[PDB]
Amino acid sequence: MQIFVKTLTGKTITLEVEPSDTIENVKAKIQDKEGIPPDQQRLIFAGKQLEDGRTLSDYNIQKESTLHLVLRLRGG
């Protein structure tokens, strides 16, 4: 199924995924397209940050669902 990912520059990229793909698998697919290593990535869907170990099906992510890619600004 084809989903959309909003990149760091606000561009929409398409990703071909399966409901059984884990969040880790989706991060690997984003690395393949954007070059961003998975440990930098945070993925947001409908306001929720997606958790490692879960699948797209766990979040009811389907064709045309949009995931938003964000990184981190660390502060203490």
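Just count from 1 along the sequence shown to find any residue number.
Relative to its counterpart among 14-22 and 63-71, 14-22 has the higher mean temperature factor, C-alpha atoms as listed in the PDB entry. Sort the modelled residues of the chain by CA B factor and residue 48 lands in the highest third. Ranked against the other modelled residues of its chain, the C-alpha B-factor of residue 42 as given in the entry falls in the lowest third. Remark: residue 27 belongs to the lowest third of its chain, ranked by C-alpha B-factor as recorded.
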